[PDB]
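Chemist: Take this sequence and fold it.
(chains A and B)
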There are 2 protein chains.
Amino acid sequence: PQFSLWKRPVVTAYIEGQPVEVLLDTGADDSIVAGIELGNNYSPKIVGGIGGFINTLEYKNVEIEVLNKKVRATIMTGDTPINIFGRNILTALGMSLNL
Amino acid sequence: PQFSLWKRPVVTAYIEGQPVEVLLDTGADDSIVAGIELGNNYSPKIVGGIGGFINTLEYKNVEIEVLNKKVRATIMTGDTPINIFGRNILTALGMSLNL
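Modeler: Residues are numbered from 1 along each chain as shown, chains lettered A, B, ... in the order given. You can find the structure just below:
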C-alpha cells in the first residue's frame, strides 16, 4: 500500500507454499532467503554486502506470494541475517519510492 | 518524484557541501558513507549486514541536500562499498514505499 520508512518494511511471504517473513530492501538488486529448500536447480552465486561477499544459490522462476499478488522471480538462498526482496521483486509487485 | 526499481534508486546528495552519489535503501536503518570528512565529534558505531559487520563513526545533526530537499541528519562513516541512505533520512525527506 504505502510504507512509512519509520518501522522497517517487513512483510510475511510464501516462497512456494513455505512461509517466510521478509524485508523490502530497495538497496537490494536481489532477494535472499536462508531457511528454505527450493530444489536442485540452483546456480552457485556470490553476492556482496555491507560487511563483504557471500555465496548464495540461485533458483530461477520461483512462485512467490506476497501482498496479495503472485510473482515468479529469482530467489537466492544463502546466509542472509534477514530475508530480503530486491528491486527484482519490488518491480514485479509494482512498487516505487514516492516523494 | 518517483523511483522505480528497474534501476537502483541512486541520486546525489550533499553532506555539508560534499556531494556523494547515494543509494536510497529501505533495508538500511542508518545512512552510511565513505569518503566524507565530517568531524572529530563522532561516536564509533558498529553495524552489520550481509557479509557481517563494519565499524562506523556515527555523526548526529548533519544537514543534507538531496532531491531538492534540505534536512539535518545522522549518518555514519565506514567502509561501506556504496553510499547508503538508510531510513533515518528516508523519513526526513519523508519517503514512502508504495505499491
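
Chemist: Chain A: helices as residue ranges?
Modeler: Here chain A has its helices, by DSSP state H, at A:87-93.

Chemist: Now do the residue lying closest to residue A:16 once chain neighbours are set aside: how many residues are near it, please.
Modeler: Closest residue in space to residue A:16, ignoring its immediate chain neighbours: residue A:63 at 4.9 Å, by CB to CB, 6 or more residues apart in numbering or on different chains. Backbone N, C-alpha and C define where each C-beta goes, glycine included. Using other CB atoms under 10 Å in any protein chain shown, the number of residues around residue A:63 comes to 13.

Chemist: ok, now which ones touch residue A:63?
Modeler: Taking CB atoms under 8 Å, 6 or more residues apart in numbering or on different chains, we find residue A:63 in contact with A:16, A:17, A:70, A:71, A:72.

Chemist: Ok, residue A:2 next?
Modeler: Going by CB under 8 Å, 6+ apart, residue A:2 touches A:98, B:96, B:97, B:98, B:99.

Chemist: Equivalent analysis for residue A:89, please.
Modeler: For residue A:89, counting by CB under 8 Å, 6+ apart, the contacting residues are A:31, A:64, A:66, A:71, A:73.

Chemist: Going by neighbour count, which residues in stretch A:57-66 are buried?
Modeler: The neighbour-count check on stretch A:57-66 (16 or more other CB atoms under 10 Å in any protein chain shown) flags A:57, A:58, A:59, A:62, A:64, A:66 as buried.

Chemist: how far out from the middle of the chain is it?
Modeler: 9 Å (CA atoms, centre = their mean, to the nearest Å).

Chemist: Could you do stretch A:15-31 as well?
Modeler: Mean C-alpha position of stretch A:15-31 versus that of the full chain (CA atoms, centre = their mean) differs by 2 Å.

Chemist: Can I get it in CSV, CA atoms only?
Modeler: Provided in CSV are the C-alpha atoms of stretch A:15-31 (Å, rounded to 0.1, in the frame of the first residue of the first chain):
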residue,chain,number,x,y,z
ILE,A,15,8.2,-18.7,-1.2
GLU,A,16,6.5,-21.7,-3.0
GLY,A,17,3.9,-22.6,-0.3
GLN,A,18,6.6,-22.1,2.5
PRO,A,19,6.0,-19.2,5.0
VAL,A,20,8.8,-16.6,5.3
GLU,A,21,8.7,-13.1,6.8
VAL,A,22,10.6,-10.7,4.6
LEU,A,23,12.3,-7.3,4.3
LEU,A,24,11.6,-4.9,1.3
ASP,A,25,15.2,-3.8,0.6
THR,A,26,15.4,-1.2,-2.2
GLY,A,27,19.2,-1.1,-1.9
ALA,A,28,18.9,-4.7,-2.9
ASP,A,29,19.5,-5.8,-6.5
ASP,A,30,18.2,-9.3,-5.4
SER,A,31,16.2,-11.2,-3.0
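
Chemist: If we go by neighbour counts, what in that stretch is buried?
Modeler: Those would be A:15, A:16, A:20, A:22, A:23, A:24, A:25, A:26, A:27, A:28, A:30, A:31, for stretch A:15-31 by 16+ other CB under 10 Å.
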